[PDB]
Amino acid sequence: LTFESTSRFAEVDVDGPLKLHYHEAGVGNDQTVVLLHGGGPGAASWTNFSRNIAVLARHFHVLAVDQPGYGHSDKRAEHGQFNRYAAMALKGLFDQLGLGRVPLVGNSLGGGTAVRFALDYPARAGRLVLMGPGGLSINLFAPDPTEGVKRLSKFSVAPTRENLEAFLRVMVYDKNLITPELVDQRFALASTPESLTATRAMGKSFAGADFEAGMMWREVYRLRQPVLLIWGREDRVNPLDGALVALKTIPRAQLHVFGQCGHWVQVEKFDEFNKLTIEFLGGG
């Protein structure tokens, strides 16, 4: 299993042609699962889920989608509320691949997209695994913007290696995971003009009239499927108090919290995350 071998492309319609890049593995397996990566600068599916896709592929047919603005998917200068935008792209991909009701795995921004999708196209979404998800979360005690979000913002205004290293270091409990190579690899991807355009586009999308689409905590009580929430206790981007409204209002919810774990649950506690996901999605 390699990046090149699993790579695939599709063109869908979201107010015009939109190129989506994704990775496909475990093709022969019975159950299809869609993975949606995090939203940090330079983030993409393969690197987001490096410790997970191979293991998950043994039990499931995996589709790891680069969300628009990330990876090798189109990076438009303008778009509406992001999760709905990415959901529309995902809705298009579903019809293309002929998928019915499929479980979704999403961390952070991808979590928000997974949920927005499940609300907008209820018949198409199965079980959810959401790790420190945005949108669905609302920080009842943490003043917004959180420290994590501040460091994201500072990078957007001033995209330097130092600001990106600073951002990555508040993503994780074990800061040794932030290696010089990772910073370099991420900075190289994040600093290109196409990626920086995508970053600005996200910022403007917050000022949209469709902002209420972002506040998914208002709507997830409508979700009928099982939902597994996974959180890092030391998450400084979407801290733990953000899980409570969702945990309360989603009828078939579960929550798992890791101590000594940050926002990057799928990396920091990759083994514990994998087994939990496999079991929750039926063991395939």
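Heads up: residue numbers just count along the shown sequence, starting at 1.
When the mean C-alpha temperature factors of 135-143 and 154-162 are read from the deposited coordinates, 154-162 comes out higher. The mean Cα B-factor in the deposited entry runs higher for 55-63 than for the other of 55-63 and 224-232. In this entry, the residue among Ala246, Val27, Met215, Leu240 with the greatest C-alpha B factor is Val27. Out of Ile178, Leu109, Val115, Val129, it is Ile178 whose C-alpha atom has the highest B-factor in the PDB entry. Looking at the C-alpha B-factors along this chain, the one for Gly259 belongs to the lowest third.
Per the PDB record, residue ranking by Cα B-factor puts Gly148 in the lowest third of the chain. Annotation for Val33: C-alpha temperature factor in the highest third relative to the rest of the modelled chain, per the entry.
In this PDB entry, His79 carries a Cα temperature factor that places it within the highest third of its chain's modelled residues. Annotation for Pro251: C-alpha temperature factor in the lowest third relative to the rest of the modelled chain, per the entry.
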